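Working notes, beginning with the structure itself.
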Amino acid sequence: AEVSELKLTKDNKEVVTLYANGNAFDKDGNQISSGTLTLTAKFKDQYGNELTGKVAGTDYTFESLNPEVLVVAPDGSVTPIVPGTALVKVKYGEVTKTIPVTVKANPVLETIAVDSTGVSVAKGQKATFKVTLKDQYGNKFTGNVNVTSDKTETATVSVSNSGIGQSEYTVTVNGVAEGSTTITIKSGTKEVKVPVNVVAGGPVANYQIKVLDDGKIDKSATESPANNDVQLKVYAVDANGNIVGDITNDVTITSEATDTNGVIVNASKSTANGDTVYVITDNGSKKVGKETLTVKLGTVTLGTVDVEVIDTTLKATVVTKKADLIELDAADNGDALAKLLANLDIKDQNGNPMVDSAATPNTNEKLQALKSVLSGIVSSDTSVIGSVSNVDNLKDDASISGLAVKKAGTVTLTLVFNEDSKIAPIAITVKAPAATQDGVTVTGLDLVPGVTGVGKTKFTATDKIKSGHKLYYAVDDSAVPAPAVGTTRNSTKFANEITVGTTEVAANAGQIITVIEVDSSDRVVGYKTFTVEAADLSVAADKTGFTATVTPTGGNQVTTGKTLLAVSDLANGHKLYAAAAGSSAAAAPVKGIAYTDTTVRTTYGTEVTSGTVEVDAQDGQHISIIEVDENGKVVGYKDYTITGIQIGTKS
Ligand SMILES: [Ca+2]
Ligand SMILES: [Ca+2]
Ligand SMILES: [Ca+2]
Ligand SMILES: [Ca+2]
Ligand SMILES: [Ca+2]
Ligand SMILES: [Zn+2]
Ligand SMILES: [Zn+2]
C-alpha cells in the first residue's frame, strides 16, 4: 500500500496557521471554530485504489514525536501546548509517514496603525480618523483603548464603542479652542501621538465625501459583524484642507431613476443630537456590484461616490464530476440520487468543500446546496428516469430522493445550473441494470410435475434462501421483461407468491414462467426465466404406467356376486389397490401423488396386491385399479370392463 495524504484539519478545512491558544486558520486567513482539530489521512493500496471505511484508532494510529510542543492523540485528535516545531507520525500495519507542524506564538499587540499624520479641524467643529491594531504578524488584533488630549481646553476627543472589544475604532476630535496641541493614544504597553492644530479658517471651496464604514452592505442574512449599512457624512473644507462645517442635512442624494445593475438601495438621513448621518440600506438587490451615488446641494451636483453590495456566508460556485459514469446496485434501493451525489465534488467561493454533515441526520447540506444552484435536469429517456423540471421535488429526510427508477436501461442525465452561477452543464451517464441470476440466493432451481392435478408443475431447490427474501412469479406465452434492480415489486404483474416445495402453477408446454426474488423491503434483486418443457408438467395415470397384467376371474371356485382378481407379474415392491365396483369407471389420479391422500385412499381403499382377493361385482359393472411404486407413489391406472364369464357361481 501507500499513504496518499497526510493533512492537518479542523472541520474539513486544511489548516495552515495555528496558535498555541488552539485557534486555527485556513489559507485565506479566516479563523476556524467548528469541529475538532485533527489530522486527516488517506491511504491507497499497491494498484492505486483508495482504501476506505477504515477505523481511525485501530487500523491506523497517530503520534507526536515532539510532545514537548504538541500532543497528537492516537485517534487523530490534537491539542497544542506551546510555540515550536513538532513532528507527527502515522501507523497502519507496517507503514509509516511523517510531516512537520508548527505552533505559532499567540498574537500580541505589536503596531498601532494610524489613518493620518496630523489632524486639522475648525474651531467648534469636529474631525475624524481611524486606527488599526496589528499583531507581530501584521494582521488584525483585538484589544482595548484609551485616548487623551494634552490640552483638553484646546481640544477634546471621543471614541466609539467605549474603546473596547475591537481591532478598529474611530476617533472623533471635537475642536474647542484655537491653538496647537497633541493627542495621546494608549493601548496596553505602547503609546502613540497625533499632532493637532485647531485653526479658525472658513473660506469654503472644495467639498469632501467620507466613507466611515467598510463602504459595503452584506445582503446575506447572517453576516458578522452586522454589516447591513453604509455610513456617510458631507463636510465643507477650506483651501488648506481643514473641516469647517457639516451640511449632511441640506443635501439631496439620488440613485438612478431605474435599476441597471441589479444593485438597488435606499438612502436616508438619520438625525440625532444635531449630528446628521446619511444611511444606506438594501432595497432587495438581486445581484452584487457597484452602484454610483449622486450627491446634490438642492439642485447643483457636487461629487459622486460608489458603494458596493455583496452576498457572502456561503454560496455554491464550483462543481466537478469524478467519473463520467455510475452503475447502480441493490444498496441504492431504486433511487439514483444517492450514488449520483457521491460522484460530485462541490466547493464554495473560497474553493472550500461543502458536505452533508452527520450532525444533521435528517437533512442534507450538499443536496440543499445543489438545489439552490440547479435549475433542471434532462433525462435522455423518461421511460427510464423522470427528468427534473421542478427542483423542489428533490429532498432528503433520510429518504434521499428522487430520481426514481421506472425501467431497466441506461441513460444520460445532464444538469442545468443557473446562469447566475455561470456553471456550464455537466453530463453524467447512469446504468440501471436489470436483475439476473447473479442476485439469486436459492440454488439448484428447476421444475417438476405437480401432484394437485393435471397441467401443473412445482418449484423446488437445494439450499434455502437468504432469510427475509421471497419469491413471486408470472406466466404468459411470452417472457416478462426483467425489472431494474431496486425496484419495488409490481404487485399487479407479480402477485402470486411462491413457497418452495408447495405452490403450483397452471400452464402449457412452450409457455414461459418468469420469476423474481425480492428482499426484506420488497425490492427486486434476482430474475430467472423458465421455459416449460412438457416433461416438467404433470399428467394422470394410464395403462402406460400400469405394468401388471390383471385378469378378472370367475368359475365354480369363486363366490357368486363376486369376481376373482388374478394378479400376474408386477414389479418387485409395487402394490395394488382397487376401488368400488360401479356402473361407471372411477376417477384417474395424477401420476406421482402419494397413496395416503384422502381423495385417493378412500376411493381405492381395497388392497389386492396379493391377487387372491374377490370383491362384489356384476355383469356390465366397471372396476378401476391403480399401481403404486416401491416408494408409495402412484404410477398406473386401468379401468376394466367385466363379463359374467369372470364371475362366481356356486355358494
Ligand atoms: Ca445582511
Ligand atoms: Ca457597513
Ligand atoms: Ca442599480
Ligand atoms: Ca446533514
Ligand atoms: Ca427442467
Ligand atoms: Zn454476474
Ligand atoms: Zn399473454
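Its first residue numbered 417, the sequence shown is counted upward by one per residue in mature numbering (1 follows the signal peptide of the UniProt record, and there is no 0). For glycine and all other residues, C-beta sits at the position ideal for the given N, C-alpha and C.
Short check: CB of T454 to CB of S493, under 7 Å?
yes
Any heavy atom of ligand 3 within less than 6 Å of residue CB: hits in chain order:
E672, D675, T676, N677, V679, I680 and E707
Reference residue 1068, options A925, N924 and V891, closest by Cα:
Look at the range of the chain in this structure, 417 to 1067, and you will see that residue 1068 is not part of it.
Report yes or no: do the stretch 926-945 and the stretch 953-971 share at least 3 C-beta pairs separated by less than 8 Å?
no
Pair every Cβ in the stretch 696-711 with every Cβ in the stretch 755-764, then say whether three or more of these pairs are closer than 8 Å.
no
Flag this pair as touching only if the stretch 570-581 and the stretch 496-512 have three or more C-beta atom pairs under 8 Å; answer yes or no.
no
Determine the burial state of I515: buried for a count of at least 16 other Cβ atoms within 10 Å of its Cβ, exposed for fewer.
exposed
Where the beta strand (DSSP E) containing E479 begins and where it ends:
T477 to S480
Any idea what DSSP makes of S636, helix, strand or coil?
coil
If you reduce the DSSP assignment to three classes, tell me which class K847 lands in.
strand
N- and C-terminal bounds of the alpha helix (DSSP H) containing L753:
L753 to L757
Three-state class that DSSP yields for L783 in the structure shown:
helix
Fully enclosed by the stretch 650-699, which beta strand (DSSP E) runs are 3 residues long or longer?
659-662, 668-670, 681-688 and 691-698
Bridge partner(s) assigned by DSSP for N590:
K542
Would residue 1110 be called buried (16 or more neighbouring beta carbons within 10 Å of its own) or exposed?
For the chain, the structure presents residues 417 to 1067; residue 1110 sits outside this window and is missing.
Is the CB-CB distance between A732 and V789 below 7 Å?
yes
If you draw a straight line from the C-alpha of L887 to the C-alpha of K1049, how long is it?
29 Å
Sort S773, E639 and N749 by Cα distance to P899 and report the nearest one.
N749
Rounded to whole angstroms, what's the CA-CA distance from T452 to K426? Just pull it up for me.
6 Å
Contact between the stretch 1039-1055 and the stretch 1003-1021 is defined here as three or more beta-carbon pairs at a separation below 8 Å; is this criterion met?
yes
Between which two residues does the alpha helix (DSSP H) holding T1015 run?
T1014 to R1017
Which residues end up in the neighbourhood of ligand 4 when you take C-beta atoms closer than 7 Å to any of its heavy atoms?
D772, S773, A774, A775, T776, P777, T779, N780 and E781
Taking the continuous beta strand (DSSP E) assigned at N428, which residues delimit it?
Note, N428: premise wrong, no beta strand (DSSP E); not H, not E.
Residues that DSSP places opposite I580 in a beta bridge
DSSP, once it has assigned bridges, lists no residue as partnering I580.
Helix, strand or coil for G534, going by three-state DSSP, please let me know.
coil
Using the Cα positions of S817 and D772, report the straight-line distance between them to the nearest angstrom.
15 Å
Kindly indicate the opening and closing residues of the beta strand (DSSP E) around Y1056.
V1050 to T1057
Can you name the start and end residues of the beta strand (DSSP E) that residue 372 belongs to?
Beyond the ends of the chain as shown, which are 417 and 1067, falls residue 372; an answer cannot be given.
Should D634 be listed as close to ligand 1, given that the test is whether its C-beta is under 6 Å from any heavy atom?
yes
Could you check whether the Cβ of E724 sits closer than 6 Å to any heavy atom belonging to ligand 1?
no
Taking Cβ positions, are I726 and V537 nearer each other than 7 Å?
no
Out of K782, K822 and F833, point me to the one whose CA is closest to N806's CA.
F833
7 Å CB neighbourhood of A824 in its chain, flanking five on each side removed
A848, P849, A850, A898, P899 and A900
For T456 and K822, what's the separation of their Cα atoms in angstroms?
41 Å
Here's a check: name, in chain order, each residue in its chain whose Cβ is nearer than 8 Å to the Cβ of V695, leaving out the five neighbours to either side.
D645, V646, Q647, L648, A683, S684, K685 and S686
At the level of alpha carbons, what is the spacing between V419 and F875?
53 Å
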